[PDB]
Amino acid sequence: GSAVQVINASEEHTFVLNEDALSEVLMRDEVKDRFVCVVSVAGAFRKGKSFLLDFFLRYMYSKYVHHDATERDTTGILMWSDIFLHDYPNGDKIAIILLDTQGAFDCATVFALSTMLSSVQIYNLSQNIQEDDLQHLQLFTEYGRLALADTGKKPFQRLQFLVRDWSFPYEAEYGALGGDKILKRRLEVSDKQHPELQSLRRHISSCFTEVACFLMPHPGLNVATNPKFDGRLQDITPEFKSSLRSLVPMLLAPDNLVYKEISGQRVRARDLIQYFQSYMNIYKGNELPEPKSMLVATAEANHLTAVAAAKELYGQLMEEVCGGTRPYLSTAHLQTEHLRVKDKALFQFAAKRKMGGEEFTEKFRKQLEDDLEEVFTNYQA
């Protein structure tokens, strides 16, 4: 059809990455600018995830495109082949990504990826915001708390508690007005004497730019209880549809378009392909052990990305000004000219600022020099 959803990982029995696959799309000339949205939905299998998404399209394909008319046996996460570009004026230039968790679910421990990798997380919850649901949000409030000391800047931007089939609008009215009555409660109250480490209601704010909750009307017994739905639009309750119209926009079009911001700085799309394979290593270990750091893995991709960011620059400053149509023959101070570009590759490397440590970071520029300086010791003399 018009577009497909590409797998990124599998599971049974290992936990492969489809490196090419992810790469075979992000690298399209949406190589940029600003990965960003990066909107994801996750949570309870068949609490209607891959459906809220399916309206994210049949209602986005038409504010970015035609402005009027017109995981079967594997987990991992989805990406739609289509991607939604923008913008100007003071932008950006922004690609738009949709991920839809799925597959081996029986929240099935692949909500961290789909959150580590996301500028807008939609925790797709049912009935109520329970405590168990609140307990899956631990391994970030610590991971980030470190980072809070470390980077100094809150990782994670927006988490959207989405309550599907909320059923007492008389206490709290459907939508954002009541999303933030219910939420505010359940992060007061049982912060008072009741649970132990889930008392991370105290740390949450710090680790997210925006945390907000939304309450959905039950759609209807006919959608809820039917195998392979289509019917018609009437077949859905008006209360649902009226909510979408407040929902989907609320999230989409800028500035509800949320900038993916590692360290404290936006990121292009060509760098996701890094962050994707980086985390994914220390997930089920790549060997055995987890988690909390995490901060090892984020920094180590926070960093190796600037290397490849300031190595592309090297060539694309050297073999043009210092080579190519006037090639590889002595001057004898192309060296002097190469020092310049090497310097540029370091003087303009320290873009300010990534993160990871001190002896941990500069470890890399040690290997920029020794990987930059390996053209001075070249090529065929």
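Start at 1 with the first residue shown and count on from there.
(request) Could you bin the unmodelled part of the deposited chain lying between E196 and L197 as none, 1 to 3, 4 to 9, or 10 or more? (result) According to the record, the chain runs unbroken from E196 to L197.
(request) Select one of none, 1 to 3, 4 to 9, or 10 or more to describe the deposited residues without coordinates separating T70 and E71. (result) The entry has a long gap there, with 10 or more residues left out between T70 and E71.
(request) Return whichever of 286 to 294 and 184 to 192 has the greater mean Cα B factor according to the PDB record. (result) Comparing 286 to 294 with 184 to 192, the higher mean C-alpha B-factor belongs to 286 to 294.
(message) Test of understanding: from the entry's C-alpha B-factors, which stretch has the higher mean, 141 to 149 or 74 to 82?
(response) Mean CA B-factor is higher for 74 to 82.
(message) Highest recorded C-alpha temperature factor, please, choosing from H338, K47, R58, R28.
(response) Highest CA B-factor of the listed options: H338.
(request) Specify which of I236, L257, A112, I94 carries the largest Cα B factor in the deposited PDB entry. (result) Highest C-alpha B-factor among the listed residues goes to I94.
(request) Determine, from the deposited record, the chain-internal third of the Cα B-factor for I273: lowest, middle or highest. (result) Middle third.
(message) Which third, lowest, middle or highest, does the C-alpha temperature factor of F229 belong to within its own chain?
(response) Tercile = middle for this residue's CA B-factor.
(request) Sort the modelled residues of this chain by their C-alpha B factor and say whether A108 lands in the lowest, middle or highest third. (result) It falls in the top third of the chain.
(message) When the deposited Cα B-factors of this chain's modelled residues are ordered and cut into thirds, is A299 in the lowest, the middle or the highest one?
(response) Answer is highest: the recorded C-alpha B-factor places it there.
(request) Can you work out whether the C-alpha temperature factor of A332 puts it in the lowest, middle or highest third of the chain? (result) Top third by C-alpha B-factor.
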